[PDB]
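A.B. asks: Handing you a structure now.
No lab work stands behind these numbers, since they all come straight from the coordinates. Cβ sites come from the backbone with ideal geometry, for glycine too, and all protein chains shown count toward neighbours.
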Ligand code: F6C
Ligand code: CLA
Ligand code: CLA
Ligand code: CLA
Ligand code: CLA
Ligand code: CLA
Ligand SMILES: CC1=C(/C=C/C(C)=C/C=C/C(C)=C/C=C/C=C(C)/C=C/C=C(C)/C=C/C2=C(C)CCCC2(C)C)C(C)(C)CCC1
Ligand SMILES: CC1=C(/C=C/C(C)=C/C=C/C(C)=C/C=C/C=C(C)/C=C/C=C(C)/C=C/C2=C(C)CCCC2(C)C)C(C)(C)CCC1
Ligand SMILES: CC1=C(C/C=C(\C)CCC[C@H](C)CCC[C@H](C)CCCC(C)C)C(=O)c2ccccc2C1=O
Ligand SMILES: [Ca+2]
Ligand SMILES: [Cl-]
């Protein structure tokens, strides 16, 4: 018996090398820990959250510190179109001088990394102008991380650990998060936007030495108190306004122009300040709905338990749902896995929204012209979102294993979807099969037509519904005079009101065929959207099937007694490999990775063809699969794989090396994924024979060498597949874009 | 503290053999660590060119 | 240690990044032998620290019949670690000193010092 | 034709050699009798197989570091910009002096010596002269440098790990330290449950399964070595004077020593003729190139997934069928564990070999 | 031009010592401390 | 050690006991089925977890379940 891990007596008795690996992958599962009460669980999670926020603040502080010490922020604000932002400096002692020269730009005296995270554009759009500003922000975030660390340590002290009834307070928390984490924080961000960001955008310097001096508006808090609020939307920035300079400047602080600043090709800062103000007011209002200890307010529990039956006082949009939502509040509030899998689904939808919105409506100055930054940011957030959506269903399964109560949830919506789960799974299966057969067969027909010298015989189906939705927003690209495309329509004019003051600015941007806001779509878009539909449907099939069959199926009726992750149930009953619910999240990680590959491949090729000017490359080349293979993967690889050749090294040498590194890790995954445990256990037995019988080999394993377990090697191979899949595509996307468009 | 009845937890070398083995070890280790620091300071020009990658030309 | 630190100097002297020049090559080989010695002896020390806790498990248990592993006590392992460290650092600097003075050792073994 | 014949006979040989181990394991489980053969060579091999297998494990590791990790060394040194530190013919040279000496003995033997009867060398690959027919090179000396040392040690490594995988299943087909009664379980059985840590793929059949992949990985590198070396250092176009312009231009000696040069100067560069073949007469090769990629990727569905997922999804599909009263008497069951393994292996091999076939044949039918 | 590693930034001697400490001097002590922590007996 | 549980749907066919490679299981008198026998698992410290006993069980669902638990040197099947 070792003393490690201290959270599990059964792993301390483990005499093998399995306990080291199982103590690393069961360390944060506090529920299944020795002597864990619910209160102690919540308190530990609270302190862990504080340490996590400290890590986030330390990370942001380090980014700020390395741009302020080793970047070129002050040199880049002078020309943010012809200067590459610098992340930090290289100190690899193993470089030859040919790599030291390759990673040194024209305006630098040391090897550096080019920044592709977009923080230069973000910091330039919010007022930060000097390295001293960046250093001050970094030191503030260092101290704020220290504050979060002290808070986390403090709430582990006996007089300061919150009670369980405090953690169960779902009415006070929603009020304080809606009004005070989303409202007051957004109100403070509007305050910064009108005090620092918009002034510094016009050329005036506002700091913590003259902000009490400088008023944000010529009539300081005169229009707001008097009630004439339209004065703040008067004299905006003119079209010929040059960012960070006063030429073309205005005086307005809250205006609603719509569209983009024509010089930075980004959203207007007056629009973003007005946005965050109208968001702050609505969220501060919304954080006044539930009662805490002042009598007024709602009770969430009484609202949910009131959706039981029929009638207008009952759940009338689905009266045949039995007990309706009775027990759903307690399923949410008592189960931390229900909350986590619910919040992960919400966050994974919001992260995809972030990715889908920040390329179409760029919010930062000159970030639409940083092509590699735009591509990296979209791909980053879409992969983060796919992982969050995968973990949403993971913890939906873990809730149904660990916290689901079939009697507290008797005949409600949750127990009503668990009843007919075969209908849900078979209909996801039907949608998946239909989409897959049709999309693959259309692509293969197009391949066989183009290969046999008939590109004209391809089946090219236009996305007429999405082209029409492009038209209902005011796109005149097609011959569809729909709602906002029709200039004297009920939607365009706002007949009684005539207050859509967003319409001319928004139609200046959607009709502008040079931004990414509602890109033109054709036949090659319809097929890849159906492929994305297939991918999301099959990933949902795997995850929904494994969550709904988590508690048991016909092949293993008592699957809830074996846990969430377990290898199998042996080779009986035909064999039960990958039968656990954890293995569904395992099997759907491949499909998430494949779907996000399709998504990001589509986005990247669409934009590479747009940015090069040769949009017909993607147009008449994405309808068949060899065009994807040859005009995207083969073609935009020539600069990456020539990062180092027998003639020299350019600055793409690390991207070529990481491309090969990701290929290596992805291949190593297949070793854990195809070869299984007994092969390696017999190999390790021969190795144990060899070691005990060799002279001069005085070491001996304290813990017995065993092969990695079944679930362990599934996780190890999946982690390898993921890491190599991310590394290969991250190296290709940064180098295929940063070389064509330096 | 080196009497047999002593309860000092902070002085655990109770035998003279421990003290002679300690003296020999401190002598060997200290003379070696001194000449290791001396050798790193004598070759500081080389250790500097190494840690700057100046040897990869 | 003497035998080991002696030969561990050579691979970096011939093959290392400093191999284009004699003085730097011998220094890179010396510090490679020094680093490998200190790492190996740190491993010997932590093997003895982790293994000999109560009655050890495996070949250093009191009931073990392994003839090929005769250092049964932790005192043997600590004395071994100290000896391997001393001998290996000395053998490494002896090989380094013979390679630094290779011009002199060469003129000696050719009788060029008898003029 | 030369490419196709060499490649075809290497694949047939590798498959046949894997079947040899397959039937050496079937002999063990079924036809081996301990009472028949007592203290003979067959009994004495089974009676020290831990020594055989552990020494094969060590030699596979030694060969894997001293072939492939040297390629990784070369990649890192070439990306650093220090090619004097590489294992090249211009960096740290690794000349195969024994094979070079055999080549010299072969060209000295045939003099007007040790073989006075022969006029020419037994092949011009050893030495001698250049035979060019119709302008194109029939045969010329195959120079062996550092790249050839490195790729022959790749070959030794891959053959040895194939032997490890196959011999391990043959030697432990009867029993092991884990499962002492493995011969009672059969030659083709999936596992012996999740106990003893999990005894997945302990049968001899599963070792034939895992050695099929290793024979693929071994023979693919042999046919790649042949294709690139013959295409850059033998095959070409002799002019009137006699100057030989090789097909890829003698780039094996400097590009085939890194993994990046294998991916760029062999795979990316020489697949120009198979992906740019649409609309031509070689378009079937481009179609089969993509088809092989499909079948390779489709194999991974059977190789990475397990049987219980599919049996539990068939439950929902059977429910949807029972509701329409389209129930069938033959009850639909997922593929068994070893059958899912066999299907995955067959698909991987088929797609991955059809890909190389299309790549070789489109390349050689376009640039001659 | 660049014959060796340089720093055109403040306290450019700090990478020179920080990269050895973080990457090949302090890690094997940390590995030894973690190994002694996971192998200590009750 | 693993946990081997025997439920009252047992019919005393002995097939789980005959299939056990490590002798965990035996038959005890029951008078709860007409065979008069039910399986028992006293030497469950010997259980490796192969689930041969579960493969040998004819009842639907199984009258014997193995729950893989804390791994010891016996349940990992280690001769080293
Ligand atoms: C110490 C202890 C010990 C000892 C003594 O003492 C030993 C020894 C042996 C002998 C006898 C042999 C031969 C040698 C050679 O050649 O090869 C090398 C390798 C190595 C690894 C080498 C080793 C060496 C040592 C480790 C040294 C040390 C170093 C330092 C100390 C570190 C530092 C520390 C810090 C803290 C970090 C062996 C081997 C084998 N291994 Mg074996 N080891 C061991 C450990 C380990 C671990 C952990 C693992 C896991 C990874 C394994 C694994 C393995 C495998 C797979 C195999 C094979 O293959 C082989 C064989 O079988 O044959 C046949 N194994 N090995
Ligand atoms: C292929 C998808 C993809 C892409 C294009 C990016 C892109 C980016 N990420 Mg990343 N990331 C991803 C997936 C992706 N991410 C996933 C799935 C995770 C969850 C683990 C992360 C977690 C993550 C963190 C913690 C951070 C980023 C950061 C960044 C930004 C700077 C790095 C860079 O310039 O380019 C290079 C992109 C690569 C993918 C290079 C390959 C390096 C391999 C993948 C290392 C393997 C580690 C692991 C698998 C993921 C690491 C990603 C990240 C460190 C680059 C950049 C916009 C940094 C940032 O936010 O800047 C301020 C940052 O700190 N990401
Ligand atoms: C998490 C943010 C972060 C990241 C990813 C980096 C990364 C890097 N730093 Mg840096 N650093 C940071 C924060 C960060 N730093 C902060 C806030 C400071 C101000 C004290 C510094 C001060 C600093 C100096 C003086 C140097 C670096 C250097 C480096 C580079 C080499 C590694 C090194 O020597 O570490 C050195 C680290 C320190 C001296 C202090 C680090 C303090 C941070 C906050 C620790 C963060 C811990 C993290 C949150 C916990 C994660 C847990 C785990 C799961 C990973 C590397 C790119 C070197 C360089 O510039 O290369 C050319 C260099 O010498 N950093
Ligand atoms: C006004 C009072 C207030 C405030 C500000 C907070 C704030 C917080 N609480 Mg708390 N709480 C409160 C009252 C409050 N609470 C009360 C009264 C109770 C008792 C019922 C609780 C009980 C409680 C518990 C049990 C927990 C928290 C937690 C948290 C943290 C979670 C959110 C987060 O991590 O940061 C970030 C979130 C935001 C910044 C807003 C997110 C909005 C979206 C998702 C992002 C914004 C979108 C926008 C596009 C962003 C662009 C920025 C980009 C450009 C950089 C957070 C700092 C958790 C914690 O402990 O952390 C330590 C937690 O476990 N609270
Ligand atoms: C807010 C986010 C969040 C939180 C708090 C949790 C929390 C938890 N999850 Mg989880 N989950 C999430 C999101 C989250 N998850 C997402 C986004 C996914 C999909 C990927 C999952 C899928 C998932 C599964 C399938 C399981 C959990 C489990 C758990 C529990 C234990 C985790 C653990 O074992 O400790 C610590 C584990 C580790 C420290 C492992 C780290 C290794 C990871 C996998 C990869 C590391 C990257 C790699 C090193 C990069 C190197 C590259 C480069 C250097 C080359 C814990 C309560 C487990 C559970 O509840 O048991 C019933 C469980 O089985 N989660
Ligand atoms: C590229 C992917 C990849 C890699 C690297 C490996 C590697 C290995 N395989 Mg494997 N395999 C793979 C794919 C891969 N396989 C696939 C896809 C399958 C599917 C069927 C298999 C099936 C398989 C079987 C059945 C067997 C192996 C065996 C082996 C081992 C061979 C021994 C050896 O070469 O020693 C050398 C090690 C390497 C070449 C690994 C890379 C080492 C790098 C180059 C050096 C790293 C430097 C340094 C240590 C890094 C330290 C950094 C620090 C921070 C950690 C080896 C570790 C055999 C074995 O066990 O042999 C004894 C075995 O029988 N494999
Ligand atoms: C308390 C503490 C601290 C401090 C620390 C310190 C105080 C430090 C240090 C340090 C030190 C002070 C270190 C050292 C070292 C050393 C070494 C590393 C050594 C060596 C050596 C050698 C290797 C030698 C060798 C030899 C011999 C022996 C013989 C012959 C000669 C020769 C040379 C070869 C802090 C606050 C920070 C934090 C943590 C805790
Ligand atoms: C098996 C065998 C073999 C091999 C062998 C070997 C492997 C070898 C070797 C070798 C070696 C490997 C040797 C070595 C050595 C050494 C020495 C000789 C040392 C030394 C040293 C010294 C003298 C040091 C000193 C010092 C000190 C300690 C302190 C201070 C510093 C000084 C420097 C002074 C053969 C086959 C051949 C045969 C026989 C058997
Ligand atoms: C997809 C998959 C399945 C499901 C595959 C099945 C069930 C086989 C698919 C073959 C189909 C069902 C063909 C049979 C249909 C009839 C023969 C009718 C065909 C129509 C013709 C007569 C025209 C597994 O069973 C399996 C098992 C173990 C590991 C991996 C996997 C795996 O990946
Ligand atoms: Ca050098
Ligand atoms: Cl190269």
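A.B. asks: State whether the residues of the stretch A:526-543 include one that is within 30 Å of residue A:437 (Cβ to Cβ), within 14 Å of chain D (Cβ to nearest Cβ) and more than 34 Å from the chain's Cα centre (by Cα).
C.D. replies: Among the residues of the stretch A:526-543, not one is within 30 Å of residue A:437 (Cβ to Cβ), within 14 Å of chain D (Cβ to nearest Cβ) and more than 34 Å from the chain's Cα centre (by Cα), which makes the answer no.
A.B. asks: Does residue D:329 qualify as being farther than 29 Å from residue A:428 by Cβ and either away from ligand 8 (no atom under 16 Å from the Cβ) or within 9 Å of another protein chain (Cβ to nearest Cβ) (or both)?
C.D. replies: The answer is no for residue D:329.
A.B. asks: Okay, moving on. Could you count how many residues in the stretch C:1-23 are assigned to a helix (DSSP H, G or I) and surrounded by 22 or more Cβ atoms within 10 Å (Cβ to Cβ)?
C.D. replies: The number of residues fulfilling the criteria is 2.
A.B. asks: I'd like the full set of residues that are near ligand 9 (Cβ under 7 Å from one of its atoms) and part of a helix (DSSP H, G or I), limited to the stretch D:315-338.
C.D. replies: Residue satisfying the conditions is D:337 alone.
A.B. asks: List pairs: first residue in the stretch C:2-16 and within 11 Å of residue C:27 (Cα to Cα), second residue part of a loop (DSSP other than H, G, I, E, B) anywhere in the structure, Cβ distance under 9 angstrom, at least six positions apart or on different chains.
C.D. replies: Close Cβ pairs satisfying both conditions: C:12/C:18; C:12/C:19; C:13/C:19; C:16/B:55.
A.B. asks: Provide a single number: the residues in the stretch A:102-161 that are within 13 Å of chain E (Cβ to nearest Cβ), closer than 28 Å to residue A:198 by Cα and touching a strand residue (DSSP E or B) at 6+ places or on another chain (Cβ under 8 Å).
C.D. replies: 0
A.B. asks: Conditions: (1) under 27 Å from residue E:38 (Cα atoms); (2) part of a helix (DSSP H, G or I); (3) away from ligand 5 (no atom under 16 Å from the Cβ). Residue A:733 meets all but one. Number of the miss?
C.D. replies: With (1) under 27 Å from residue E:38 (Cα atoms); (2) part of a helix (DSSP H, G or I); (3) away from ligand 5 (no atom under 16 Å from the Cβ) applied to residue A:733, the lone miss is (1).
A.B. asks: Say whether the condition of being assigned to a loop (DSSP other than H, G, I, E, B), out of contact with any strand residue (DSSP E or B) (no Cβ under 8 Å at 6 or more places or on another chain), surrounded by fewer than 19 Cβ atoms within 10 Å (Cβ to Cβ) and more than 10 Å from every other protein chain (Cβ to nearest Cβ) is met by at least one residue in the stretch D:214-224.
C.D. replies: no
A.B. asks: Testing residue C:112 on (1) part of a helix (DSSP H, G or I); (2) more than 14 Å from chain E (Cβ to nearest Cβ), one condition comes back false. Which one is that?
C.D. replies: (1)
A.B. asks: Then there's this: Suppose we filter the stretch C:24-61 for residues that are surrounded by fewer than 17 Cβ atoms within 10 Å (Cβ to Cβ) and assigned to a loop (DSSP other than H, G, I, E, B); how many remain?
C.D. replies: Final tally of qualifying residues: 4.
A.B. asks: Next question, about the same structure. Filter the stretch C:25-43 for residues that are away from ligand 8 (no atom under 16 Å from the Cβ) and over 17 Å from residue B:37 (Cα atoms); which is farthest from the chain's Cα centre (by Cα)?
C.D. replies: C:25
A.B. asks: Within the stretch A:438-467, which residues are more than 14 Å from chain D (Cβ to nearest Cβ), in a helix (DSSP H, G or I) and closer than 16 Å to residue A:532 by Cα?
C.D. replies: A:438, A:442, A:466 - these are the residues of the stretch A:438-467 that are more than 14 Å from chain D (Cβ to nearest Cβ), in a helix (DSSP H, G or I) and closer than 16 Å to residue A:532 by Cα.
A.B. asks: Identify, please: which residue in the stretch F:44-64 is more than 7 Å from every other protein chain (Cβ to nearest Cβ) and touching a strand residue (DSSP E or B) at 6+ places or on another chain (Cβ under 8 Å) and is, among those, surrounded by the fewest Cβ atoms within 10 Å (Cβ to Cβ)?
C.D. replies: F:44
A.B. asks: Given the criteria within 11 Å of chain A (Cβ to nearest Cβ), away from ligand 2 (no atom under 16 Å from the Cβ), under 29 Å from the mean Cα position of the chain (by Cα) and under 30 Å from residue D:148 (Cα atoms), does residue D:357 qualify?
C.D. replies: No, not satisfied.
A.B. asks: From the list D:92, D:52, which one is within 16 Å of ligand 1 (Cβ to nearest atom) and either loosely packed, with under 12 Cβ neighbours inside 10 Å or under 29 Å from the mean Cα position of the chain (by Cα) (or both)?
C.D. replies: The conditions single out D:52.
A.B. asks: Of the residues A:642, A:636, A:651, only one is under 13 Å from residue A:736 (Cα atoms) and within 26 Å of the chain's Cα centre (by Cα); which?
C.D. replies: A:636
A.B. asks: Would you please name the residue that is farthest from ligand 8 (Cβ to nearest atom), looking only at residues in the stretch E:5-27 that are over 14 Å from residue A:89 (Cβ atoms) and in a helix (DSSP H, G or I)?
C.D. replies: Applying the filter and picking the extreme gives E:22.
A.B. asks: From the list A:667, A:581, pick out the single residue that is away from ligand 4 (no atom under 16 Å from the Cβ) and buried (at least 21 other Cβ atoms within 10 Å of the Cβ).
C.D. replies: Just one listed residue meets the conditions, A:581.
A.B. asks: Condition first: within 16 Å of ligand 4 (Cβ to nearest atom) and either under 23 Å from residue E:5 (Cα atoms) or surrounded by fewer than 18 Cβ atoms within 10 Å (Cβ to Cβ) (or both). Now tell me which residues in the stretch A:116-135 satisfy that.
C.D. replies: Residues satisfying the conditions are A:117, A:122.
A.B. asks: Do you know which of the residues in the stretch A:596-626 that are farther than 21 Å from residue A:368 by Cβ and surrounded by 23 or more Cβ atoms within 10 Å (Cβ to Cβ) is nearest to the other protein chains (Cβ to nearest Cβ)?
C.D. replies: Only one residue fits best here, namely A:626.
A.B. asks: Can I ask one more? Here are A:188, A:197, A:179: which of them is out of contact with any strand residue (DSSP E or B) (no Cβ under 6 Å at 6 or more places or on another chain), assigned to a helix (DSSP H, G or I) and within 22 Å of residue A:258 (Cα to Cα)?
C.D. replies: Criteria check complete, one pass: A:197.
A.B. asks: So which residues in the stretch D:172-204 are more than 14 Å from chain F (Cβ to nearest Cβ) and surrounded by fewer than 24 Cβ atoms within 10 Å (Cβ to Cβ), if there are any at all?
C.D. replies: If the condition is that a residue be more than 14 Å from chain F (Cβ to nearest Cβ) and surrounded by fewer than 24 Cβ atoms within 10 Å (Cβ to Cβ), then D:174, D:187, D:188 are the ones that fit.
A.B. asks: Hey, another quick one. Among B:31, B:13, which is out of contact with any helix residue (DSSP H, G or I) (no Cβ under 8 Å at 6 or more places or on another chain) and away from chain E (no Cβ under 14 Å)?
C.D. replies: Unique residue meeting the criteria: B:31.
A.B. asks: Additional query: Within the stretch A:72-94, is even one residue within 25 Å of residue B:56 (Cβ to Cβ), within 16 Å of ligand 11 (Cβ to nearest atom) and within 14 Å of chain D (Cβ to nearest Cβ)?
C.D. replies: Looking through the stretch A:72-94, none of the residues is within 25 Å of residue B:56 (Cβ to Cβ), within 16 Å of ligand 11 (Cβ to nearest atom) and within 14 Å of chain D (Cβ to nearest Cβ).
A.B. asks: Out of A:724, A:738, A:699, which single residue is more than 30 Å from residue C:80 (Cα to Cα) and surrounded by fewer than 22 Cβ atoms within 10 Å (Cβ to Cβ)?
C.D. replies: Going through A:724, A:738, A:699 in turn, just one is more than 30 Å from residue C:80 (Cα to Cα) and surrounded by fewer than 22 Cβ atoms within 10 Å (Cβ to Cβ): A:724.
A.B. asks: Conditions first: (1) within 10 Å of chain A (Cβ to nearest Cβ); (2) out of contact with any helix residue (DSSP H, G or I) (no Cβ under 8 Å at 6 or more places or on another chain). Residue D:265 passes all but one, so which condition is the exception?
C.D. replies: Among (1) within 10 Å of chain A (Cβ to nearest Cβ); (2) out of contact with any helix residue (DSSP H, G or I) (no Cβ under 8 Å at 6 or more places or on another chain), the lone unmet condition for residue D:265 is (2).
A.B. asks: A further question follows. Out of curiosity, is residue C:104 in contact with a helix residue (DSSP H, G or I) (Cβ under 7 Å, 6 or more places away or on another chain) and either surrounded by 12 or more Cβ atoms within 10 Å (Cβ to Cβ) or within 18 Å of residue C:38 (Cα to Cα) (or both)?
C.D. replies: Spelling it out, it is not the case that residue C:104 is in contact with a helix residue (DSSP H, G or I) (Cβ under 7 Å, 6 or more places away or on another chain) and either surrounded by 12 or more Cβ atoms within 10 Å (Cβ to Cβ) or within 18 Å of residue C:38 (Cα to Cα) (or both).
A.B. asks: Give the residue, chosen from A:621, A:643, A:648, that is within 30 Å of residue A:609 (Cα to Cα), away from ligand 7 (no atom under 16 Å from the Cβ) and in contact with a strand residue (DSSP E or B) (Cβ under 8 Å, 6 or more places away or on another chain).
C.D. replies: Going through A:621, A:643, A:648 in turn, the sole match is A:643.
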